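Everything on this sheet refers to the single structure shown next.
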Amino acid sequence: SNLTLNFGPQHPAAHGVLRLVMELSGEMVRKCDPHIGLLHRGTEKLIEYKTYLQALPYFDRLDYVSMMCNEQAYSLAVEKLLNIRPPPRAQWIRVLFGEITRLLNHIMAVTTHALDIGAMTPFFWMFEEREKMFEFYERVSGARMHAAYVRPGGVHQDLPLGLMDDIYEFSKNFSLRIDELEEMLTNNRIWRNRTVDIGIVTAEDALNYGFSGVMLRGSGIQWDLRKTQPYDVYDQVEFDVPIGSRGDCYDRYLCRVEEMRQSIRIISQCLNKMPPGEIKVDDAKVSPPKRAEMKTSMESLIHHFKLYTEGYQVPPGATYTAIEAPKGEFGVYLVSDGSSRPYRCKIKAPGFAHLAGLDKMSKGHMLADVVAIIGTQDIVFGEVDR
Amino acid sequence: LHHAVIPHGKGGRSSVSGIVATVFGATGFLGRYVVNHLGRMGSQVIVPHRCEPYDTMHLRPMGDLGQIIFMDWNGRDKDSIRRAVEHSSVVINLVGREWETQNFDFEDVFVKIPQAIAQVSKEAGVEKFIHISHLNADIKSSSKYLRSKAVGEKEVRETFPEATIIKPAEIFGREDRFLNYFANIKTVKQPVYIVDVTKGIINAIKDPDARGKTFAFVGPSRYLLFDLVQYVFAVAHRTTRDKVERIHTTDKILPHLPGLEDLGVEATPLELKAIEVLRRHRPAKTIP
Amino acid sequence: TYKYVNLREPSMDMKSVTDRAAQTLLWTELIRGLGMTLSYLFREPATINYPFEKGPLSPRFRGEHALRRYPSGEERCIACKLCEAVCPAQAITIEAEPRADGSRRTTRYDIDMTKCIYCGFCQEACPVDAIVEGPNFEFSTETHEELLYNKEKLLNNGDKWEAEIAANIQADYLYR
Amino acid sequence: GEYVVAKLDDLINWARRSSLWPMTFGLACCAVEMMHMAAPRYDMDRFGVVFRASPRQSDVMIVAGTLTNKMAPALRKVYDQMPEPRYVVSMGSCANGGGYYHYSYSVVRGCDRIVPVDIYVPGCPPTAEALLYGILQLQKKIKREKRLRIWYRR
Amino acid sequence: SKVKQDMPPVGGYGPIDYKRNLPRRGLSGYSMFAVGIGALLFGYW
Amino acid sequence: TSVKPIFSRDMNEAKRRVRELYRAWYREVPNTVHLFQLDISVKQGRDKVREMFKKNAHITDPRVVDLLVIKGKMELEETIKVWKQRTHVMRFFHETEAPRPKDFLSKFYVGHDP
Amino acid sequence: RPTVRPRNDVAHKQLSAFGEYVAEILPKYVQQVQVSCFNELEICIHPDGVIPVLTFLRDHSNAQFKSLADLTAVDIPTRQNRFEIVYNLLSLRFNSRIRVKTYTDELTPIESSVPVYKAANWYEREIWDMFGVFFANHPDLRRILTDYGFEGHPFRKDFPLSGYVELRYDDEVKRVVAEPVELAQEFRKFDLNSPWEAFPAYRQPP
Amino acid sequence: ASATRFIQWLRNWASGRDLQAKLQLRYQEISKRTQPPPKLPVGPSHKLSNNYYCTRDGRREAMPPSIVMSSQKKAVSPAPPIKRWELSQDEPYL
Amino acid sequence: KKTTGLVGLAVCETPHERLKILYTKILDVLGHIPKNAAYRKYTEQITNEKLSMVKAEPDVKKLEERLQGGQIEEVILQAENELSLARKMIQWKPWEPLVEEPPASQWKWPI
Amino acid sequence: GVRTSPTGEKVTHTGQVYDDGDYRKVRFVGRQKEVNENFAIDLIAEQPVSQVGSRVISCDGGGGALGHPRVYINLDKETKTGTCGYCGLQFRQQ
Amino acid sequence: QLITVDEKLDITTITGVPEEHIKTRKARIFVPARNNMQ
Amino acid sequence: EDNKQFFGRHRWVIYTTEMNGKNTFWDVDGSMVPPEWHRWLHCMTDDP
Ligand SMILES: NC(=O)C1=CN([C@@H]2O[C@H](COP(=O)(O)OP(=O)(O)OC[C@H]3O[C@@H](n4cnc5c(N)ncnc54)[C@H](OP(=O)(O)O)[C@@H]3O)[C@@H](O)[C@H]2O)C=CC1
Ligand code: SF4
Ligand code: SF4
Ligand code: SF4
Ligand SMILES: [Zn+2]
């Protein structure tokens, strides 16, 4: 028999809409054919009509649960082509908010996974924590989600006075919140029945199918771009990479919960090691000058005028730059033709290859398991469809 | 032509058709097709409505931003009529009711209201006036509906001599009270499709010849009423005293009046569209 | 450096085996989960009493747009079109000409608030603090057309909110 | 007469605005802010706006995100299956009028080309509080309805 | 004026817990079964 | 003028695939009208198939023909598997588009477009 | 120098040496090998070499590029073969990335690389959908991102940004319809390029 | 903060934690919503001399790609093999 | 070893024997490739280097460290991959001259 | 300096007003025409001319960095005031 | 193995462009004039 | 204000029953807060 899954659950859900065409024999799933493009918005074409600065907000809206991490990936790619370097304080801020963003993503990933499986309550507890982290976003950028804060050259503005104290107070209590979540799920026999030995993927298959992030580490592969190909100041912080052993949904859930704990561990070092200095590269042909300078110095006014109309030119070249985003390897293949607008911008969304493996991972499972497998991949269709 | 009403574009949603039309009775069966066709080509449509704004919502997507304007109006308040037609170049009157009510009788909706609209439109300088009457209007009909249609048809011509009067047969379509009426339950009928009536009205606005004329909109074929009702029940795989009287009036033949053909519209056969209307309820020989 | 999340050997001694049998038969870890939800029942909820209580915001908040003036009442905008050039959504439309007194001023200044992405690039780009994103966020409307702001609406927003806008700029301008 | 019709309108309007069951089309990032309106700080349930509502049990559709051409027929179908009275809240720039993707070949330039819209909530995304302001604004729109008053004067 | 920007306090912030903490509670398996069986015996008696 | 073929090495091989695709579309139309509850007749549907085929009748490049058949098969698969909806099928008929003027005078009256 | 990105000559030398290595082993297919100033290795190959070259890079013991990071295309209309197919591969064993590029035109198919990387399945569907490049022997080639019945390939440089058609709901036919695109506000094209040369190092000969 | 002592004991016992020490609701420990003005530092290019842009021009130091082979001995790998990761000493097993 | 740690990769009881057989088969297959082909010269060099380590080191932990290819079962998997590639290379014959030159401006960027 | 046209519609500070036969004024029926009443051209004309001693003066609009870019105004001509091109303030050499 | 095609290259039928925007358009091929202001 | 309440509930407004000629006894909304108080009520500042 043939069956089509609903676009989305009957409670608020923010992953997007999916048309899943399935072939069933009794309870068992024999074929899965995801039909995507329901949130395809031609982002990659629109970027070709934007300057490099104008295109930056598009990356907030890809994996719109990991906004600043997507900003970081694009900023690093442009900085590489520009051959410039963001100042050390900006790099620490980018790592600090990169890990705050990882917490935001992992709360959404773990709790909506549970919510779709029927465990509603943890979503409410942990989204109060998300609400407090939205306030950190809003205090640095003026926006709760699409901050547009991390830019090529550094960050847009320095932290307001008193923000780091508040991030410390939040971080001080967060591990307790994780513990409460683990009390509800980790040892629960119903949760384990829904996740243990579900969606097993071998280490060999995970690599060939293009998987990344937790979808690799759940199968025992020892890989994390923050460790192996570090960017910004990730080489200066200490943390452990959680590794699974069974390659199933339960191990991937444990990996995500432990990654949240390591993110707190990294945030702690960032709060203590934050250096002084400027927060964007001191090159006014790339980063706009301070407003006081723009209103006093002739050179500053010209460069402000040109950076906000033409934008900076980027030397011709192509780069593939990737980061360890919360959902996996997030990269951009960015082509510059020498002008102030990118010639081509291909976005590599980790969820694209993960969803392409849904049919492989769902073989020999039941219909209700398909919901669990989609959750364990942590799919957001803004990044899948672009 | 005022510069703002010179046509521009390619005839689409964002285009400018140059038509500024006030459609009284727009929230009904015929009005939703007329407004849709006006909005398709980027006309400005003024929609005076008596009903709750909730009941006008289906008209909102029919025009580009700003092209559909809603107003409150009362049939017996001439100031509300004047505000609606003050800026229009054409006024279309689709007001009517198939039954009488405590507050409004057939004389109110088919005589007093059309006359008031026509008079205020003339006093406001409106250039064109479209009035929907009925093919079987007659001051000797057994139906009070058709009697009032005749009296109002005369008063509109007296008040607005350049008015274009249209006299359709019973109209069939998704929201009609004809095929749906039969599917819910001697005489010869010539039913006409809703889209044909709508197209003819739109063409009468754009056609300078239609001014001062009276049209009869009828379908291609004439059907004995019995054959028609049997056909409906087959396709479907299966009220008031006035409504029965109207339904049993034989459709008048008026060869002297121009028809849909004169306005460039090809009458749609009933058999082509019968399934469309009656599919939700799940060939008659014509009279040559 | 890495760690194992699920690589543990359950003990097979009788005491440990009977601990797991007790958990299976007596639902101990399910009872534990009931304890957690019970404790939350007796916690103060996090809910605030909107609209009488409001969520906290900062001076940097990006809300409804407004066009500002100098203390004398003259408009700050001199129709340079930097905001229109930078706008990532092409939400801004400007026309300008010499004013009757010779000033360089706009005759059109539109923001399509349904194109806008509320990014704040316009206020970054503006050289004279003319276009800002204000603190207001409660301006939902019943029609689409009401969200196509023209210059009069934006100037009225500036005159309406200047008291708050000026204080917020005073609070954040040294970070810019 | 008019007094009895006036109070019946108040009673039915009160019941309907006090029991607004929403169908959320969580299309993109705006759905995240919608989830935060359900979250404890705002708790839309406390206004009578239930968390989980089936499309056939819904009174209001919230369009929370970009509407693509590929998705537009499915959204219309859900709207057509909604029992009346039914209202549509357009949330965010994409749903309001295309937003950042207005000039895209694959995007509907505003969901009001597909369905009638009652409330437009601006922002990209609107904050959870701005969405809640919009829902409260829809409630006051329902409060002003005079369905029985109109019917009595027909 | 001295430079003034958001910085950590002198000496840094206090320690931040991050490791899992699920405390052990309750009796052993033997003790729980004994309690359950003793309850049955009293009930039967 | 030496190129890698797609499927067919010459026009005769390509025309075999065209005829096979026409056969499949021709037989599918009655099912499509029923499955999608279309208000058009089977004759109208088959006439539409003929018109779409006819508009490409002038091609002489076997590679271009291969691509046209590749795309035609994709379109058929969308229709048979009911991945399309009713709106997608009816997009071949442009029912809400007003006829656009063809002769010089009609175009001259309505705008500047040729 | 605080604002300038530091060089890494060690990686530049390693990648150059491995670039020659690959060229020596696959002379039948390799047309060009370059290492960018930010240390990225690109192997430009003849399209016939897609499967041999990718298979070699996946399976050779000195390569082991087991992970296909990304597969995409670029449209350059001025080239006789306007489409450039780009494979971004990753080797976990040697903690390295390589890029493999080939080319095709509108009518010349490319061999599907699904046999080498299962990841390629959807990437090639997307390239077919967005650019119209046909991949031979692909198990299930069809559109993936665009709407059903969509005509054209939107990522081609000559496809208009807003396309040719747009949708709306029509009450008369009671369905969503597609009509030629008209915009209330035309997209405003900006000419941004400065008339002065920016980067002398990339100047082309007259 | 204002729970009765009995209610504090009940929810502490039920949860098995000292909830009162890490309340999820914020009180007066947070920063004041009015702060003193900042005085932000300037970057390393803020100098009056020895600061010619051509000595700090990153964009102009970018070069076109080095062409290693164009169609116009010991084996090598793209880099040395990655070093095996070490088990955490902070907590090797969860 | 209780487990390799990688899901789907079984432990090998006799890794030294398995590698000796696999590396010998690879050298046998390379003999059908022309002597001057770079693939044969390089693959034989690295294969002989690894085969010597397998013979010198009878301790799996110390052999794993010498080879630097992960676990010993990962080395065995890579040897099976190289043998598979070697067989395919014989049919592709990539040591032959370039099949065709690109158009003149094919790889010119910017345009 | 708002003024109403013969039809009663207010004229904006940009001089806009629908003329007599313009249908587009139907949009205001039952609603209103948003017109800002504080005409900047009239408000800047109320500012007194500032009397200064030097030949050249600078204006930044007031408020330091919260004003406009600082420009310098020549006051040699005695037939007219020097007017700031950003804020419209006038100066005269005494 | 390759085939022989002597047809003039034409892709109009496989680009998806409406006929109106192929047959009635006039493309202009030029080198833009220098902006006289610079 | 009540600073013993947790952050968020420590400031609130009791809306007037009549504003600009509108009876707001039952119908209140957030746009009734004037800008000078908007800043304090949303904790953009500490000083009323
Ligand atoms: N349908 C047919 O078969 C034929 C119809 N006609 C004529 O076509 C016109 C419309 O047809 P149809 O659309 O089917 O009629 P409907 O009843 O479907 O629509 C009637 C319209 O008139 C308005 N209306 C009715 N009574 C009043 C009133 N007392 N005061 C103000 N407005 C009022 C209604 O507004 P509300 O929604 O507020 O009630 C509605 O918009 C009528 O004039 C009818 O006589 C002529 C020949 C055949
Ligand atoms: S906030 Fe951003 S999108 Fe909105 S008008 Fe300003 S620049 Fe444009
Ligand atoms: S608002 Fe500012 S940036 Fe925009 S045109 Fe006016 S002065 Fe220029
Ligand atoms: S309006 Fe903004 S937040 Fe909402 S879906 Fe569109 S881009 Fe995302
Ligand atoms: Zn000045």
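Letters go in sequence order (proteins before strands), and every chain restarts at 1. As a basis for the values below, the full set of heavy atoms in this structure was taken, side chains included, without hydrogen atoms, waters or symmetry mates.
In this structure, the side chains of C:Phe121 and A:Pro57 come closer than 4.5 Å at one or more pairs of heavy atoms. With contacts defined as side-chain heavy-atom distances shorter than 4.5 Å, the pair C:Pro135/L:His42 does not qualify. For the pair K:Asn35 and G:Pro195, the minimum side-chain heavy-atom distance is 4.5 Å or more. Using a 4.5 Å cut-off on side-chain heavy atoms (C-beta onward), C:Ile165 and C:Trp161 make contact. In this structure the side chain of C:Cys80 never reaches within 4.5 angstrom of the side chain of A:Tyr308, judged on heavy atoms. Counting heavy atoms from C-beta outward, D:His36 and A:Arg144 have side chains that approach closer than 4.5 Å. Using a 4.5 Å heavy-atom cutoff, the side chains of C:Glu75 and C:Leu67 are not in contact. For the pair C:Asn156 and J:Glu34, the minimum side-chain heavy-atom distance is below 4.5 Å.
A donor-acceptor pair is defined here as one N or O able to donate and one able to accept, closer than 3.5 Å; such a pair exists between the side chain of D:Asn96 and the backbone of D:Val121. The main-chain N or O of C:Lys115 is never found under 3.5 Å from a side-chain atom of D:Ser93 such that the two would form a donor-acceptor pair. Distance alone, capped at 3.5 Å, is enough to place a donor-acceptor pair between the C:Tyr118 side chain and the C:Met113 backbone. No donor-acceptor pair under 3.5 Å is formed between the side chain of C:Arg176 and the backbone N or O of A:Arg291. Between the side chain of J:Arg70 and the backbone N or O of J:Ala65, no donor-acceptor pair lies under 3.5 Å. Side-chain atoms of D:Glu129 come within 3.5 Å of backbone N or O of C:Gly55 as a donor-acceptor pair. A:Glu138 contributes a side-chain N or O that, together with a main-chain N or O of C:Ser58, makes up a donor-acceptor pair within less than 3.5 Å. Formation of a donor-acceptor pair under 3.5 Å by the D:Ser90 side chain with backbone atoms of D:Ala95 is found in this model. For C:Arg62 (side chain) and C:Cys119 (main-chain N/O), a donor-acceptor pair under 3.5 Å exists by modelled atom type. With hydrogens and angles ignored, the 3.5 Å screen pairs no side-chain donor or acceptor of A:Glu79 with any backbone N or O of A:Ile84.
Between A:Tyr137 and A:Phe134, the angle of the ring planes lies from 30° to 60°, which puts this pair in the tilted group. Relative orientation of the A:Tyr74 and A:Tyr52 rings is parallel, given thresholds of 30° and 60° on the angle between their planes. Between D:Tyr100 and A:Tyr58, the ring-plane angle classifies as parallel under the 30° and 60° cut-offs. Between J:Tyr86 and J:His68, the ring planes are parallel. Angles under 30° get that label, and only those over 60° would be called perpendicular.
Checking C:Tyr173 against C:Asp129 by side-chain atom types alone, no donor-acceptor pair falls below 3.5 Å. For C:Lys151 and C:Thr106, the side-chain atoms include at least one donor-acceptor pair closer than 3.5 Å. With no hydrogens or angles considered, no side-chain donor-acceptor pair links A:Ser287 and A:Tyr312 at under 3.5 Å. No hydrogens or angles considered: nothing links the side chains of A:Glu310 and G:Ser194 as a donor-acceptor pair under 3.5 Å. Side-chain contact check for C:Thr114 and C:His144: at least one donor-acceptor pair (N or O, by modelled atom type) lies under 3.5 Å. If you check the side chains of C:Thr107 and C:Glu95, you find no donor sitting under 3.5 Å from an acceptor. C:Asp172 and A:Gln157 share a donor-acceptor pair across their side chains, judged by distance under 3.5 Å alone. A donor-acceptor contact under 3.5 angstrom links the side chains of L:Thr45 and L:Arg39, judged on distance only.
Of all the heavy atoms in A:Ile93 and A:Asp158, the pair that sits closest is CD1-OD1, 4.0 Å. A pairwise comparison of heavy atoms in A:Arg94 and A:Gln72 identifies CB-NE2, 3.8 Å as the closest pair. When all heavy atoms are compared, the tightest approach of A:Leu307 to A:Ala284 is CD1-O, 3.2 Å. Shortest non-hydrogen contact noted between G:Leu161 and A:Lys45 is CA-CE, 3.8 Å. A pairwise comparison of heavy atoms in A:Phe59 and A:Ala55 identifies CD1-O, 3.5 Å as the closest pair. Residue J:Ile41 comes nearest to C:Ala100 through the heavy atom pair CD1-CB, 4.0 Å, listed as atom of the first residue, atom of the second, then distance.
Expressed to the nearest 0.5 Å, how far NE2 of A:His303 lies from OG of A:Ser297 amounts to 9.0 Å. Distance NZ/J:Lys33 to CD/C:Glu152: 8.0 Å, rounded to 0.5 Å. Once rounded to the nearest 0.5 Å, the distance linking CE of A:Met145 with SG of D:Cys124 reads 8.5 Å. Residue C:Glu133 holds its CD atom at 11.5 Å from CG of C:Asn157, rounded to the nearest 0.5 Å. The distance from the NZ atom of C:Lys160 to the CG atom of C:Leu154 is 12.5 Å, given to the nearest 0.5 Å. Remark: A:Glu293 CD to A:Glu299 CD distance equals 11.0 Å, nearest 0.5 Å.
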Would C:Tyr175 and A:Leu161 count as a side-chain contact (heavy atoms from CB on, under 4.5 Å) if you check the C-alpha gap in whole Å, the side-chain angles of each, and the deciding distance to 0.1 Å? CA-CA 10 Å; C:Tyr175 297 97; A:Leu161 281 180; 3.6 Å; yes
Using side-chain contact (heavy atoms from CB on, under 4.5 Å), reason through C:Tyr70 and J:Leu89 one step at a time and then give a plain yes or no. CA-CA 10 Å; C:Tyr70 288 108; J:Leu89 291 177; over 6 Å; no
Determine whether A:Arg89 and E:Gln5 satisfy the following criterion, side-chain contact (heavy atoms from CB on, under 4.5 Å), listing intermediate values before the conclusion. CA-CA 11 Å; A:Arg89 187 183 168 92; E:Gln5 78 194 128; 3.2 Å; yes
Begin from the C-alpha positions of H:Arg59 and A:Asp283 and carry the test side-chain contact (heavy atoms from CB on, under 4.5 Å) through to its verdict. CA-CA 10 Å; H:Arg59 280 193 312 162; A:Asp283 179 349; 5.6 Å; no
Applying salt bridge (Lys or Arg N to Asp or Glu O under 4.0 Å) to C:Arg76 and C:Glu162, what does each step give before you reach the verdict? CA-CA 13 Å; C:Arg76 284 173 170 269; C:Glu162 172 59 12; over 6 Å; no
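Under the 4.0 Å criterion applied to side-chain N and carboxylate O atoms, C:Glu124 and A:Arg151 are assigned as salt-bridge partners. Salt bridge status for C:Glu138 with C:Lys54: present, with a side-chain N to carboxylate O gap under 4.0 Å. Under 4.0 Å is where a charged nitrogen must lie from a carboxylate oxygen, and between A:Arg386 and A:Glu44 at least one such pair does. A salt bridge links C:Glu74 and C:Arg105; the closest N-O separation between the charged side-chain nitrogens and carboxylate oxygens is under 4.0 Å. A salt bridge links C:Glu84 with G:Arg188; the closest basic N to acidic carboxylate O contact falls under 4.0 Å.
Aromatic rings of C:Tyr149 and C:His65 (six-membered ring for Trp) have centroids beyond the 6.0 Å cut-off, not under it.
A cation-pi arrangement is absent between A:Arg341 and G:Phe190, since the terminal nitrogen or guanidinium carbon is not both under 6.0 Å from the aromatic centre and inside a 45° cone about the axis.
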